[PDB]
Structures are given as structure tokens and as C-alpha cells.
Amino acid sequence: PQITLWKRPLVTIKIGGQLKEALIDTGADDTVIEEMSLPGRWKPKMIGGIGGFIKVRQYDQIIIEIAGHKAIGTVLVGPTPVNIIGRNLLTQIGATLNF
């Protein structure tokens, strides 16, 4: 699709069989989701945002759908204010910015 920016670019995602809302975020390197259970082992990661740094859990090779488009990749889980879909998965679905 084409998504304009007059409103927040919120989409539905599917992860772990569950539908969630998330923000398409070109300003995010990574994909960060609120607390949930994911399978397998995780590794530690520190990430930064507008207000400082937080610790998250890094899960690799997670199956995720973004607005109906299939991706398989890294998902960070931790105390983000909002679920964000970042560039690691936006590149898998072929997303670009255009003006």
C-alpha cells in the first residue's frame, strides 16, 4: 500500500498467532514489542530512544506478519511505550519512503 503520515502509521501485525497493533517506524533500527512470550533463547541488548536507554530481550528468526506481509527476523521485547516495526523488518517487506 501507500501510507500517508497525517495520522500515525499504525498497522496490524501477527506474532505468536496473535494480532497486535504496531507503528511503522523508519526512525527505528530494530523492531521492539511490548512484553509477550516468544520461544527459544534470548540474548541481551541495550537500545536507545528519545529519553535514554532500556534493556530488552533479543529473539532471532521470529515469524511475523506486518500488514499481511511475511517476515522472519529479529524481535526485541521490553518496556517500549509502543510496538514499533523498524528497519530490520521494513526491508524484508520492501518498504520505502517516497517524496
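Position 1 is the first residue in the sequence shown; the rest follow in order.
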Requested in this report: Compare the mean C-alpha B-factor of 25 to 33 with that of 53 to 61 as given in the PDB entry, and name the stretch with the higher value.
Outcome: 53 to 61
Report task. Take the C-alpha B-factors listed in the entry for 82 to 90 and for 15 to 23, compute each mean, and give the stretch with the larger one. Result -> 15 to 23
**Report entry** Third of chain Cα B-factors occupied by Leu5
**Finding:** lowest
Report task. Rank-wise, by C-alpha B-factor, drop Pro44 into the lowest, middle or highest third of its chain. Result -> middle
